[PDB]
Each structure stands twice: as structure tokens, then as C-alpha cells.
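Participant: Quick one: this structure, given as C-alpha cells, is what I'll be asking you about.
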Amino acid sequence: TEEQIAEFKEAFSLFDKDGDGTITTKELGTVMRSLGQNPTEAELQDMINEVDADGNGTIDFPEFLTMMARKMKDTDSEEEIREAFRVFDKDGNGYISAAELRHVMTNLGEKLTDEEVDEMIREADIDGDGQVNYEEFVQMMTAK
Amino acid sequence: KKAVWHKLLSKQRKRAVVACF
Ligand SMILES: [Ca+2]
Ligand SMILES: [Ca+2]
Ligand SMILES: [Ca+2]
Ligand SMILES: [Ca+2]
């Protein structure tokens with residue numbers, strides 16, 4: 001559908017750093033390292049090779065579309081926010097705590113301080129219970 | 001800062017896409 005092709009182009013545009021229409025191992029590695037991952041050049045080759053269809057060793061948008069159609073057909077901004085909240089809420093009590101947000105930041109390669117964590121929880125925490133529930137998270141996350 | 005919340009959601013979205021390769 002048109003909504004999800006739009007979705008997947010936006011995603012592709014996050015990886016295609018130079019806007020040349022192809023994702024390279026250099027660009028995929030740059031993205032993965034920004035997420036606090038440490039891939040080898042071999043892991044990056046294996047990932048590009050699974051998605052590559054013409055054996056040129058880079059991913060164009062049609063190849064990326066085929067991957068997303070096989071692996072993520074249903075994702076929307078809404079399903080993405082629900083999934084992120086489930087991943088962030090480590091103990092599954094329906095609230096993100098300061099300690100859970102610290103864990104998430106470390107897991108995604110985001111430098112943190114306790115003052116930043118406190119400010120983030122306080123700004124998202126609409127009801128003032130001290131933690132961020134799903135309604136609060138959606139309010140914070142709807143705008144890019 | 002709302003920018004950092006937005007940035008974490010975006011990082012999680014890109015992690016999910018990386019996982020598809
Ligand atoms: Ca490129
Ligand atoms: Ca290719
Ligand atoms: Ca929790
Ligand atoms: Ca709250």
C-alpha cells in the first residue's frame with residue numbers, strides 16, 4: 001500500500017546517509033554504531049548480502065522494500081510506538097521508570113546523566129505518579 | 001528534552017529495521 005511504502009522510504013532515508021539511493025556497508029555500520037552496536041565488516045557484508053538481489057553489494061530502495069515486505073509489512077507509527085513501549089518497560093508493569101530509561105539509553109548507545117533522566121521522566125509524566133505510562137509515552141512520541 | 005525522547009523512539013525503530021537484514 002501507499003502508506004507503508006511512504007513509511008519504508010522514510011526508514012530507507014535514515015540509512016542512505018549520502019542520499020545517493022543505495023545503502024552501503026559503511027552506511028549500515030554507521031547506523032548500527034549510532035545504536036551502540038559494534039558490528040564487524042564481516043557481519044555487515046552478511047547483512048547486505050541477505051537483502052541484495054543483484055549481487056552488487058549495496059542495497060537500493062527496491063531491494064530494501066522487498067526486505068520490509070517480507071519482514072515488517074504491517075508496521076505503522078502506531079504499532080512502532082506500542083512495540084517501543086513494550087521493549088522500554090523492562091518489568092512489564094505498564095510504566096517506564098527512571099532506571100528502565102537509563103537501561104534503554106545505554107542499550108541504544110545514548111550517553112546519559114541522572115539529571116537528563118530525571119528531566120525526561122518529569123516532562124513525560126502527565127499524571128505526576130513518578131513514571132511514564134503508555135498514554136504519556138504516546139503523547140511524547142507522536143511527533144518526530 | 002522531547003528531542004531525546006524522539007531520538008530514542010527513532011533509534012528503536014532503526015534497531016528494528018537493522019534486525020530485518
Ligand atoms: Ca548511500
Ligand atoms: Ca543491490
Ligand atoms: Ca516498568
Ligand atoms: Ca505518570
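We label chains A, B, ... in the order they appear in the C-alpha cells, count residues from 1 in each chain, and number ligands from 1 in the order shown.
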List all protein, DNA and RNA residues that have at least one atom no more than 6 Å from any atom of ligand 3, counting only C-alpha atoms and all ligand atoms, and write them as a PyMOL selection string.

Facilitator: chain A and resi 89-97

Participant: Can you spit out the residues from that selection as a compact mmCIF listing (two decimals), in the first residue's frame, using N, CA and C atoms?

Facilitator:
```txt
# COMPACT_ATOMS: atom_id res chain seq x y z
N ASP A 89 9.74 -0.84 28.78
CA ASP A 89 9.11 -1.17 30.10
C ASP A 89 9.64 -2.54 30.53
N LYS A 90 10.85 -2.57 31.05
CA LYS A 90 11.56 -3.85 31.26
C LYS A 90 10.80 -4.81 32.18
N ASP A 91 10.17 -4.33 33.26
CA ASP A 91 9.49 -5.23 34.21
C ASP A 91 8.03 -5.50 33.80
N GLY A 92 7.55 -4.88 32.74
CA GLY A 92 6.21 -5.14 32.19
C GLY A 92 5.08 -4.70 33.08
N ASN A 93 5.31 -3.73 33.96
CA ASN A 93 4.25 -3.22 34.86
C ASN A 93 3.43 -2.11 34.18
N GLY A 94 3.74 -1.73 32.93
CA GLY A 94 2.99 -0.68 32.21
C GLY A 94 3.46 0.72 32.50
N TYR A 95 4.62 0.89 33.14
CA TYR A 95 5.20 2.22 33.47
C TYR A 95 6.68 2.17 33.15
N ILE A 96 7.21 3.19 32.50
CA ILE A 96 8.68 3.35 32.37
C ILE A 96 9.19 4.13 33.57
N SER A 97 10.15 3.54 34.29
CA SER A 97 10.81 4.14 35.47
C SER A 97 12.10 4.81 35.00
```

Participant: Near residue 4 of chain B, within 10 Å and counting only C-alpha atoms, which residues show up once chain neighbours fewer than 3 positions away are dropped, as a count of residues only?

Facilitator: 9

Participant: Write out as a list in words the set of residues from chain A that DSSP, computed on the backbone, places in strand (DSSP E).

Facilitator: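 Of chain A, the ones in strand (DSSP E) are residues 22, 23, 59 and 60 of chain A.
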
Participant: Return the single residue from A:22, A:139, A:75, A:4 that is closest to ligand 2, with distances computed using only C-alpha atoms and all ligand atoms.

Facilitator: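 Ranked by minimum distance to ligand 2, first place goes to A:22.
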
Participant: What residues of the protein or nucleic acid chains come within 9 Å of ligand 4 when you use only C-alpha atoms and all ligand atoms? Reply as a VMD selection string.

Facilitator: chain A and resid 95 to 96 121 to 122 124 to 136

Participant: Counting only C-alpha atoms and all ligand atoms, what are the residues, protein, DNA or RNA alike, that approach ligand 1 to within 7 Å? I want them as a list in words.

Facilitator: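 Residues lying within 7 Å of ligand 1: residues 16, 17, 18, 19, 20, 21, 22, 23, 24 and 27 of chain A.
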
Participant: Write the residues you've just listed into a file as a PDB file, in the first residue's frame, and include N, CA, C and O atoms for each of them.

Facilitator:
```
ATOM      1  N   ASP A  16      20.427   5.704   4.175  1.00  0.00           N
ATOM      2  CA  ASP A  16      21.118   6.243   2.976  1.00  0.00           C
ATOM      3  C   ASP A  16      21.589   7.655   3.333  1.00  0.00           C
ATOM      4  O   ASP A  16      20.963   8.608   2.911  1.00  0.00           O
ATOM      5  N   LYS A  17      22.697   7.731   4.068  1.00  0.00           N
ATOM      6  CA  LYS A  17      23.276   8.958   4.661  1.00  0.00           C
ATOM      7  C   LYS A  17      23.571   9.975   3.572  1.00  0.00           C
ATOM      8  O   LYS A  17      23.217  11.152   3.782  1.00  0.00           O
ATOM      9  N   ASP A  18      24.156   9.545   2.441  1.00  0.00           N
ATOM     10  CA  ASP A  18      24.554  10.460   1.340  1.00  0.00           C
ATOM     11  C   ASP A  18      23.441  10.667   0.296  1.00  0.00           C
ATOM     12  O   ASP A  18      23.658  11.453  -0.651  1.00  0.00           O
ATOM     13  N   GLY A  19      22.280  10.032   0.436  1.00  0.00           N
ATOM     14  CA  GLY A  19      21.127  10.349  -0.405  1.00  0.00           C
ATOM     15  C   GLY A  19      21.344   9.945  -1.846  1.00  0.00           C
ATOM     16  O   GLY A  19      20.484  10.321  -2.676  1.00  0.00           O
ATOM     17  N   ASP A  20      22.304   9.057  -2.104  1.00  0.00           N
ATOM     18  CA  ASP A  20      22.637   8.513  -3.448  1.00  0.00           C
ATOM     19  C   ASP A  20      21.707   7.358  -3.895  1.00  0.00           C
ATOM     20  O   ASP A  20      21.857   6.929  -5.031  1.00  0.00           O
ATOM     21  N   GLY A  21      20.773   6.872  -3.066  1.00  0.00           N
ATOM     22  CA  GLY A  21      19.787   5.838  -3.441  1.00  0.00           C
ATOM     23  C   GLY A  21      20.239   4.406  -3.152  1.00  0.00           C
ATOM     24  O   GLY A  21      19.495   3.500  -3.489  1.00  0.00           O
ATOM     25  N   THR A  22      21.364   4.233  -2.461  1.00  0.00           N
ATOM     26  CA  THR A  22      21.947   2.911  -2.120  1.00  0.00           C
ATOM     27  C   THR A  22      22.424   2.982  -0.666  1.00  0.00           C
ATOM     28  O   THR A  22      22.909   4.025  -0.272  1.00  0.00           O
ATOM     29  N   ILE A  23      22.192   1.914   0.078  1.00  0.00           N
ATOM     30  CA  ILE A  23      22.810   1.674   1.398  1.00  0.00           C
ATOM     31  C   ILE A  23      24.048   0.802   1.213  1.00  0.00           C
ATOM     32  O   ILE A  23      23.925  -0.305   0.709  1.00  0.00           O
ATOM     33  N   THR A  24      25.174   1.273   1.704  1.00  0.00           N
ATOM     34  CA  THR A  24      26.468   0.562   1.713  1.00  0.00           C
ATOM     35  C   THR A  24      26.714  -0.055   3.077  1.00  0.00           C
ATOM     36  O   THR A  24      26.048   0.327   4.095  1.00  0.00           O
ATOM     37  N   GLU A  27      27.466   2.788   5.457  1.00  0.00           N
ATOM     38  CA  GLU A  27      26.256   3.478   5.983  1.00  0.00           C
ATOM     39  C   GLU A  27      25.527   2.590   6.990  1.00  0.00           C
ATOM     40  O   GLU A  27      25.076   3.120   8.055  1.00  0.00           O
TER      41      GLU A  27
END
```

Participant: Could you give me the residues within 10 Å of ligand 2, counting only C-alpha atoms and all ligand atoms, as a PyMOL selection string?

Facilitator: chain A and resi 22-24+48-49+51-64

Participant: Let's have the selection written as a PDB file, in the first residue's frame, with N, CA, C and O atoms.

Facilitator:
```
ATOM      1  N   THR A  22      21.364   4.233  -2.461  1.00  0.00           N
ATOM      2  CA  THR A  22      21.947   2.911  -2.120  1.00  0.00           C
ATOM      3  C   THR A  22      22.424   2.982  -0.666  1.00  0.00           C
ATOM      4  O   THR A  22      22.909   4.025  -0.272  1.00  0.00           O
ATOM      5  N   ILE A  23      22.192   1.914   0.078  1.00  0.00           N
ATOM      6  CA  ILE A  23      22.810   1.674   1.398  1.00  0.00           C
ATOM      7  C   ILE A  23      24.048   0.802   1.213  1.00  0.00           C
ATOM      8  O   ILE A  23      23.925  -0.305   0.709  1.00  0.00           O
ATOM      9  N   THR A  24      25.174   1.273   1.704  1.00  0.00           N
ATOM     10  CA  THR A  24      26.468   0.562   1.713  1.00  0.00           C
ATOM     11  C   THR A  24      26.714  -0.055   3.077  1.00  0.00           C
ATOM     12  O   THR A  24      26.048   0.327   4.095  1.00  0.00           O
ATOM     13  N   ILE A  48      24.143  -7.150   4.318  1.00  0.00           N
ATOM     14  CA  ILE A  48      23.926  -6.576   2.957  1.00  0.00           C
ATOM     15  C   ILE A  48      23.640  -7.718   1.985  1.00  0.00           C
ATOM     16  O   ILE A  48      22.650  -7.648   1.230  1.00  0.00           O
ATOM     17  N   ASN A  49      24.433  -8.784   2.041  1.00  0.00           N
ATOM     18  CA  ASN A  49      24.212  -9.943   1.113  1.00  0.00           C
ATOM     19  C   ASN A  49      22.829 -10.568   1.244  1.00  0.00           C
ATOM     20  O   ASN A  49      22.273 -10.999   0.184  1.00  0.00           O
ATOM     21  N   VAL A  51      19.961  -9.121   1.690  1.00  0.00           N
ATOM     22  CA  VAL A  51      18.936  -8.154   1.211  1.00  0.00           C
ATOM     23  C   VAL A  51      19.233  -7.839  -0.256  1.00  0.00           C
ATOM     24  O   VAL A  51      18.305  -7.522  -0.984  1.00  0.00           O
ATOM     25  N   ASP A  52      20.487  -7.909  -0.643  1.00  0.00           N
ATOM     26  CA  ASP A  52      20.953  -7.643  -2.014  1.00  0.00           C
ATOM     27  C   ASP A  52      20.354  -8.688  -2.966  1.00  0.00           C
ATOM     28  O   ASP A  52      20.181  -9.909  -2.580  1.00  0.00           O
ATOM     29  N   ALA A  53      19.891  -8.228  -4.104  1.00  0.00           N
ATOM     30  CA  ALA A  53      19.198  -9.103  -5.069  1.00  0.00           C
ATOM     31  C   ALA A  53      20.027  -9.218  -6.343  1.00  0.00           C
ATOM     32  O   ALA A  53      19.790 -10.195  -7.081  1.00  0.00           O
ATOM     33  N   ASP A  54      20.934  -8.291  -6.623  1.00  0.00           N
ATOM     34  CA  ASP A  54      21.669  -8.258  -7.919  1.00  0.00           C
ATOM     35  C   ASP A  54      23.163  -8.449  -7.690  1.00  0.00           C
ATOM     36  O   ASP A  54      23.975  -8.270  -8.656  1.00  0.00           O
ATOM     37  N   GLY A  55      23.536  -8.795  -6.460  1.00  0.00           N
ATOM     38  CA  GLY A  55      24.922  -9.142  -6.129  1.00  0.00           C
ATOM     39  C   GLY A  55      25.916  -8.005  -6.310  1.00  0.00           C
ATOM     40  O   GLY A  55      27.096  -8.298  -6.360  1.00  0.00           O
ATOM     41  N   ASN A  56      25.494  -6.738  -6.305  1.00  0.00           N
ATOM     42  CA  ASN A  56      26.387  -5.558  -6.471  1.00  0.00           C
ATOM     43  C   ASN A  56      26.927  -5.104  -5.097  1.00  0.00           C
ATOM     44  O   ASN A  56      27.851  -4.245  -5.063  1.00  0.00           O
ATOM     45  N   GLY A  57      26.431  -5.695  -4.004  1.00  0.00           N
ATOM     46  CA  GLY A  57      26.977  -5.486  -2.653  1.00  0.00           C
ATOM     47  C   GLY A  57      26.465  -4.204  -2.023  1.00  0.00           C
ATOM     48  O   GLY A  57      27.016  -3.787  -1.012  1.00  0.00           O
ATOM     49  N   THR A  58      25.422  -3.615  -2.578  1.00  0.00           N
ATOM     50  CA  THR A  58      24.702  -2.494  -1.924  1.00  0.00           C
ATOM     51  C   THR A  58      23.213  -2.698  -2.092  1.00  0.00           C
ATOM     52  O   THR A  58      22.748  -3.547  -2.917  1.00  0.00           O
ATOM     53  N   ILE A  59      22.478  -1.995  -1.252  1.00  0.00           N
ATOM     54  CA  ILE A  59      21.008  -2.144  -1.228  1.00  0.00           C
ATOM     55  C   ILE A  59      20.405  -0.886  -1.821  1.00  0.00           C
ATOM     56  O   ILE A  59      20.495   0.178  -1.188  1.00  0.00           O
ATOM     57  N   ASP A  60      19.696  -1.034  -2.923  1.00  0.00           N
ATOM     58  CA  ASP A  60      18.826   0.065  -3.419  1.00  0.00           C
ATOM     59  C   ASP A  60      17.434   0.010  -2.811  1.00  0.00           C
ATOM     60  O   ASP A  60      17.089  -0.911  -2.047  1.00  0.00           O
ATOM     61  N   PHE A  61      16.608   1.028  -3.072  1.00  0.00           N
ATOM     62  CA  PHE A  61      15.307   1.101  -2.390  1.00  0.00           C
ATOM     63  C   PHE A  61      14.404  -0.082  -2.763  1.00  0.00           C
ATOM     64  O   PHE A  61      13.732  -0.663  -1.935  1.00  0.00           O
ATOM     65  N   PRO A  62      14.315  -0.518  -4.039  1.00  0.00           N
ATOM     66  CA  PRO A  62      13.501  -1.696  -4.348  1.00  0.00           C
ATOM     67  C   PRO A  62      13.885  -2.962  -3.564  1.00  0.00           C
ATOM     68  O   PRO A  62      13.040  -3.721  -3.146  1.00  0.00           O
ATOM     69  N   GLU A  63      15.171  -3.167  -3.379  1.00  0.00           N
ATOM     70  CA  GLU A  63      15.676  -4.309  -2.568  1.00  0.00           C
ATOM     71  C   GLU A  63      15.254  -4.078  -1.117  1.00  0.00           C
ATOM     72  O   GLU A  63      14.835  -5.011  -0.425  1.00  0.00           O
ATOM     73  N   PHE A  64      15.425  -2.876  -0.590  1.00  0.00           N
ATOM     74  CA  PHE A  64      15.010  -2.616   0.802  1.00  0.00           C
ATOM     75  C   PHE A  64      13.498  -2.847   0.970  1.00  0.00           C
ATOM     76  O   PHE A  64      13.039  -3.352   1.999  1.00  0.00           O
TER      77      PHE A  64
END
```

Participant: Mind listing the helix (DSSP H, G or I) residues of chain B, per DSSP on the backbone, as a ChimeraX atom specification?

Facilitator: /B:2-18

Participant: Counting only C-alpha atoms, give me one row per residue of chain B with an atom at most 7 Å from an atom of chain A, showing the shortest contact pair and its distance in Å to one decimal, sorted by chain then residue number, as a Markdown table.

Facilitator:
```
| residue | atom | partner | partner_atom | distance |
| --- | --- | --- | --- | --- |
| B:1 | CA | A:120 | CA | 6.0 |
| B:2 | CA | A:140 | CA | 6.8 |
| B:5 | CA | A:141 | CA | 6.9 |
| B:6 | CA | A:144 | CA | 5.9 |
| B:9 | CA | A:84 | CA | 6.7 |
| B:11 | CA | A:35 | CA | 6.2 |
| B:12 | CA | A:84 | CA | 6.5 |
| B:13 | CA | A:80 | CA | 6.9 |
| B:20 | CA | A:71 | CA | 5.9 |
| B:21 | CA | A:47 | CA | 5.2 |
```

Participant: Excluding residue 2 of chain A and residues on its chain fewer than 5 positions from it, collect all residues at most 12 Å away from it, counting only C-alpha atoms, and give them as a list in words.

Facilitator: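 Everything that qualifies: residues 7, 8, 9, 73 and 76 of chain A.
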
Participant: Work out how far atom CA of residue 98 of chain A is from atom CA of residue 19 of chain B, in Å to one decimal.

Facilitator: 26.5 Å
